[PDB]
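Heads up: the structure comes next, in structure tokens.
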Amino acid sequence: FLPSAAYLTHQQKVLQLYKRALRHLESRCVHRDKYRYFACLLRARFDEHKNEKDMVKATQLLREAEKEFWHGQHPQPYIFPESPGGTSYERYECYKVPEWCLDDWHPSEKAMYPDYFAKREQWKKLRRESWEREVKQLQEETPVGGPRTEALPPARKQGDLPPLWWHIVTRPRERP
Amino acid sequence: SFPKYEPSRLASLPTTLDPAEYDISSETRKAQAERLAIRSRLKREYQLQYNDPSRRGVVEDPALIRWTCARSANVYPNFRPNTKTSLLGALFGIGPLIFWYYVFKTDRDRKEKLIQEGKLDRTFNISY
Amino acid sequence: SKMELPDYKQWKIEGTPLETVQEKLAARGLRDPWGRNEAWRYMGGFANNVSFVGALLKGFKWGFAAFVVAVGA
Amino acid sequence: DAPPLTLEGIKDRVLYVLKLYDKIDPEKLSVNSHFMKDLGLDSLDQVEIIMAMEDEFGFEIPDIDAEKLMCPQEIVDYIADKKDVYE
Amino acid sequence: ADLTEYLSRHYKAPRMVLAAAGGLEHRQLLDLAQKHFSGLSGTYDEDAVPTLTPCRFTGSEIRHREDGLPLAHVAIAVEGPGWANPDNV
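Those sequence lines, one after another, are chains P, H, R, X and S.
Using the working numbering, the letters of the first sequence correspond one by one to residues 188 to 363.
Using the working numbering, the letters of the second sequence correspond one by one to residues 1113 to 1240.
Using the working numbering, the letters of the third sequence correspond one by one to residues 46 to 118.
Using the working numbering, the letters of the fourth sequence correspond one by one to residues 27 to 113.
Using the working numbering, the letters of the fifth sequence correspond one by one to residues -1 to 87.
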């Protein structure tokens, strides 16, 4: 379930397992030195049969690895206080105001902050000035009869902005 | 080393120990390709009708509309009175009602007969 | 905005649990750790942060002096 | 709780923890390097590096990205995305 | 197309064995296998790896009554122990 391709692969699947087991081993293991010991031990256990030219025995060892992992996880895996699941999970979302607002203000406060609204207005003219031709031509131009991907090409043509960028650029600053 | 994680209606089966994810036939590759294609086209339509600088109103999803019209107005059509429908209807609609009815008859006949004897604690029971 | 970068090749790890666990993993025959990271956790104003009953027995430094003075009171 | 991060500063901190790592050299340690071409180290210790950045700065990066950093400049760019680095 | 899929998904290099028995040295066999089997396979069609499933032994009877036959065949069977256990032997 991922934007790039239809699956992870074998490689990244093993990799995510290694990240999870190392993270759980943090969450199991305090004092950081025995942590470092057991981390090198775990790396050696993956080093034992890294170089199988076989594939089916490798993926079977992957499944038996997942069994001994899920038997040995932690009750509180150590989630960082910025991640979803974690302590924050858009903690300061109280002030994550989208910027389609701030133009519906009374012109007294548009007189209170003048230069900002002048440059914001030329931003919106930058948006609309290159909205129709380049962006919609680049979208209906390149792909197959079905799109069949979730990436999108840049604006390498000559000049102006890559397509469909407004709600990517204009976001909250994640600590206001 | 582990009793292989019996599932439930509550405990979700996680991503790892499926074990159907490791029997990748070509049909699962075909299905994942087409499913990514469907998600690609829907995000394309949505993003183009999401980033229009002239678009004042809301994007007006037919998915939410279709779910709501299925949920409320498309119940009564369609229907047929089956044995399962009629059985569960008269069970979960009439059962608790008639049960609570008999137990309030029983409590009320107790209290009426008991204060008809006069030996109740209504020595001062004014706030009736 | 300045930080002046307290720099590398200074840690030089030697901090006794990390050095001895590289000893034990050396006898194990792996000898490939992450390395000289945590010496800022194992020296400086660190490095024998006091044992637990020391924080409890920390009291009578100024304490017994005041207690003997009040005994004399 | 906000000391300001800056681009020179984040460059220095990331290169400090790469230089502290063992099996590379302080000679051929470039900003525009590769974890695949010229340092030649494997994917495994590459994700050990990703673990070092997550454990220093205090936040996960997802595995949609840990496939595809593979150079220190894009590491600095990606914490510049997560932190939105201007004062 | 299904034939080509089966050929593609199961005629793969690591699972299979070339073995010789007779009056011939291993170097000759290794060199000839090097000169011919260098270049069959080693990678799957987007990692569609066939993998074993340890199935379940049911226990039942199917009886095919067909009386116009001279003799009757019975097969009775129970669980198989497996391979690596010595209960095999």
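Here a beta-carbon is modelled for each residue, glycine too, at the ideal position from N, C-alpha and C.
Next on the checklist: By the DSSP assignment, the alpha helix (DSSP H) with S:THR41 in it spans what residues?
Outcome noted: Residue numbering aside, residue 41 of chain S sits at position 43 when the fifth sequence is read from its first letter. Careful: S:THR41 lies outside any alpha helix (DSSP H) and carries neither H nor E.
Next on the checklist: Along the chain, where does the alpha helix (DSSP H) containing H:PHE1211 start, and where does it finish?
Outcome noted: By 1-based counting over the second sequence, the position of residue 1211 of chain H is 99. Unbroken alpha helix (DSSP H) run through H:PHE1211: 1195 to 1229.
Checklist entry - List, in order along the chain, the chain X residues whose C-beta lies closer than 9 angstroms to that of P:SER295? => result Start at 1 with the first residue of the first sequence, and residue 295 of chain P comes out as number 108. The premise fails here: P:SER295 is roughly 29 angstroms from chain X at the closest Cβ pair, so nothing lies under 9 angstroms.
Checklist entry - Does the beta-carbon of R:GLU83 have 16 or more other beta-carbons within 10 angstroms, so that it is buried, or is it exposed? => result Counting from one through the third sequence, the residue named residue 83 of chain R turns up at place 38. Buried, since its Cβ has 16 or more Cβ neighbours within 10 Å.
Item to check | X:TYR47 - DSSP class collapsed to helix/strand/coil | outcome: Translated into the one-based positions of the fourth sequence, residue 47 of chain X becomes position 21. DSSP places X:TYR47 in strand when its eight states are reduced to three.
Checklist entry - Are the beta-carbon atoms of P:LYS254 and H:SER1113 separated by less than 8 angstroms? => result By one-based count along the first sequence, residue 254 of chain P stands at place 67. By one-based count along the second sequence, residue 1113 of chain H stands at place 1. In this structure, H:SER1113 lies closer than 8 angstroms to P:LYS254 by Cβ.
Checklist entry - If you draw a straight line from the alpha carbon of H:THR1128 to that of P:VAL201, how long is it in whole angstroms? => result Taking the second sequence and counting its residues from 1, one reaches residue 1128 of chain H at position 16. Taking the first sequence and counting its residues from 1, one reaches residue 201 of chain P at position 14. Cα-Cα distance, rounded: 11 angstroms.
Next on the checklist: With distance defined between alpha-carbon atoms, name the residue in S:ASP0, S:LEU27, S:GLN26, S:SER36 nearest to S:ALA11.
Outcome noted: What you label residue 11 of chain S is simply residue 13 of the fifth sequence in a count that begins at 1. When only C-alpha atoms are compared, the closest one is S:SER36.
Next on the checklist: Using a 10 Å radius around the Cβ and a threshold of 16 neighbouring Cβ atoms, would you call P:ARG210 buried or exposed?
Outcome noted: Within the first sequence, the letter at position 23 stands for residue 210 of chain P. Classification of P:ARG210: buried, given that the 10 Å Cβ count is 16 or more.
Checklist entry - Mind checking H:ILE1210: buried by the 16 CB within 10 Å criterion, or exposed? => result In the second sequence, the residue the question calls residue 1210 of chain H occupies position 98. Classification of H:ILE1210: exposed, given that the 10 Å Cβ count is below 16.
Next on the checklist: Tell me which residues share the same chain as P:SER191 and place their Cβ nearer than 8 angstroms to its Cβ, disregarding the 5 neighbours each side in the sequence.
Outcome noted: Sequence index remark: in the first sequence, residue 191 of chain P carries index 4 (1-based). So the list reads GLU337, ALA338, once near-sequence residues are dropped.
Item to check | Chain-ordered residues of the region 1 to 23 of chain S with a beta carbon less than 7 angstroms from chain H | outcome: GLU3
Next on the checklist: My output table needs one value for R:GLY108: the three-state DSSP class, helix, strand or coil.
Outcome noted: Locating residue 108 of chain R in the third sequence gives position 63, where the first residue counts as 1. In this structure, R:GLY108 counts as helix in the three-state DSSP scheme.
Item to check | Residue-chain proximity (S:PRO48, chain P), Cβ-Cβ < 8 angstroms | outcome: Residue 48 of chain S sits at position 50 when you count from the first residue of the fifth sequence. So, interface residue.
Checklist entry - Quick one: what's got a C-beta closer than 7 angstroms to P:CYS216's C-beta in the same chain, skipping five residues either side? => result Residue mapping note: residue 216 of chain P aligns to position 29 of the first sequence, counting from 1. Counting only Cβ-Cβ distances below 7 angstroms, and skipping sequence neighbours, we find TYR222, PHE225.
Next on the checklist: For a contact defined as C-beta to C-beta under 7 angstroms, what are the partners of P:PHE267 on chain X?
Outcome noted: Residue 267 of chain P sits at position 80 when you count from the first residue of the first sequence. Within 7 angstroms Cβ-Cβ: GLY84, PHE85, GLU86.
Checklist entry - Are the C-beta atoms of R:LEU50 and some chain X residue less than 8 angstroms apart? => result The residue given as residue 50 of chain R occupies position 5 in the third sequence. Yes, contact with chain X.
Next on the checklist: Starting from P:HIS197, trace the alpha helix (DSSP H) in both directions and tell me its first and last residue.
Outcome noted: Taking the first sequence and counting its residues from 1, the one referred to as residue 197 of chain P is at position 10. Here the alpha helix (DSSP H) through P:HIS197 covers 197 to 215.
Item to check | Alpha-carbon spacing of P:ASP302 relative to P:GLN203, whole angstroms | outcome: Residue 302 of chain P sits at position 115 when you count from the first residue of the first sequence. Residue 203 of chain P sits at position 16 when you count from the first residue of the first sequence. P:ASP302 and P:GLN203: Cα-Cα distance of roughly 48 angstroms.
Item to check | Interface partners of S:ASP43 on chain P, CB under 7 angstroms | outcome: The count along the fifth sequence starts at 1 and reaches residue 43 of chain S at position 45. Result: empty, since nearest Cβ-Cβ is about 12 angstroms, beyond 7 angstroms.
Next on the checklist: Can you give me the C-alpha to C-alpha distance between X:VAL43 and R:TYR53, rounded to a whole angstrom?
Outcome noted: Here residue 43 of chain X is taken as the residue at index 17 of the fourth sequence, counted from 1. Here residue 53 of chain R is taken as the residue at index 8 of the third sequence, counted from 1. Cα-Cα distance, rounded: 9 angstroms.
Next on the checklist: By the 9 angstroms beta-carbon criterion, what residues does the region 1158 to 1187 of chain H contribute toward chain P?
Outcome noted: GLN1159, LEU1160, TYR1162, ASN1163, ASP1164, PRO1165, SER1166
Checklist entry - How would you list, in chain order, the residues of chain S whose beta-carbon sits under 9 angstroms from the beta-carbon of H:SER1137? => result Locating residue 1137 of chain H in the second sequence gives position 25, where the first residue counts as 1. Within chain S, the residues near H:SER1137 are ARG7, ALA46, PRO48.
Item to check | Assumed close pair X:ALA28, P:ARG362 - CB separation to whole angstroms, cut-off 8 angstroms | outcome: Position 2 of the fourth sequence, counting from 1, holds the residue named residue 28 of chain X. Position 175 of the first sequence, counting from 1, holds the residue named residue 362 of chain P. Confirmed, about 7 angstroms.
Next on the checklist: Helix, strand or coil, according to DSSP, for R:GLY99 in the structure here?
Outcome noted: Position 54 of the third sequence, counted from the first residue, corresponds to residue 99 of chain R. Correct three-state label for R:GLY99: helix.
Checklist entry - Whole-angstrom Cβ separation of residue 122 of chain X and X:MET77, contact assumed at under 8 angstroms? => result The first residue shown for chain X is 27 and the last is 113, placing residue 122 of chain X beyond what the model contains.
Checklist entry - Using the beta-carbon of each residue, which ones in chain R are nearer than 8 angstroms to X:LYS94? => result Reading the fourth sequence from its first residue, position 68 is the one you call residue 94 of chain X. Here the premise fails: no neighbours, minimum Cβ distance about 23 angstroms.
Item to check | Residue closest to P:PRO268, alpha-carbon to alpha-carbon, out of P:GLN309, P:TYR279, P:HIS258, P:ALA231 | outcome: As a first step, residue 268 of chain P must be located in the first sequence, where it is residue number 81. When each option's Cα is compared against that of P:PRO268, the closest is P:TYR279.
Checklist entry - Would you report the Cα separation of P:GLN309 and P:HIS293, rounded to the nearest angstrom? => result One-based indexing of the first sequence puts residue 309 of chain P at position 122. One-based indexing of the first sequence puts residue 293 of chain P at position 106. So the alpha carbons of these two residues sit roughly 19 angstroms apart.
Item to check | Reduced DSSP secondary structure (H/G/I, E/B, other) of R:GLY80 | outcome: Taking the third sequence and counting its residues from 1, the one referred to as residue 80 of chain R is at position 35. R:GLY80 falls in the strand class under three-state DSSP.
Item to check | Nonlocal neighbours in the same chain, by C-beta distance under 7 angstroms from X:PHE83, ignoring five residues either side | outcome: Here residue 83 of chain X refers to the residue found at position 57 of the fourth sequence. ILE105, listed in sequence order.
Checklist entry - If you draw a straight line from the C-alpha of H:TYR1240 to the C-alpha of H:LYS1225, how long is it? => result Translated into the one-based positions of the second sequence, residue 1240 of chain H becomes position 128. Translated into the one-based positions of the second sequence, residue 1225 of chain H becomes position 113. Cα-Cα distance, rounded: 17 angstroms.
Item to check | Proximity test, Cβ basis, 8 angstroms: X:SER69 and chain P | outcome: Walking along the fourth sequence from the start, residue 69 of chain X turns up at place 43. It does; some Cβ of chain P falls within 8 angstroms.
Checklist entry - Around the C-beta of P:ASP220, are 16 or more other C-beta atoms found within 10 angstroms, so that it is buried, or is it exposed? => result In the first sequence, the residue the question calls residue 220 of chain P occupies position 33. Buried: at least 16 other Cβ atoms inside 10 Å.
Checklist entry - Quick one, which of H:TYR1117, H:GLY1169, H:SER1137, H:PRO1119 has its alpha-carbon nearest S:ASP0's? => result Within the fifth sequence, residue 0 of chain S is the residue found at index 2, counting from 1. Closest option to S:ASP0, Cα to Cα, is H:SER1137.
Next on the checklist: Please classify S:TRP81 as buried or exposed, where buried requires at least 16 other C-beta atoms within 10 Å of its C-beta.
Outcome noted: By 1-based counting over the fifth sequence, the position of residue 81 of chain S is 83. Exposed, because fewer than 16 other Cβ atoms sit within 10 Å of the Cβ of S:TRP81.
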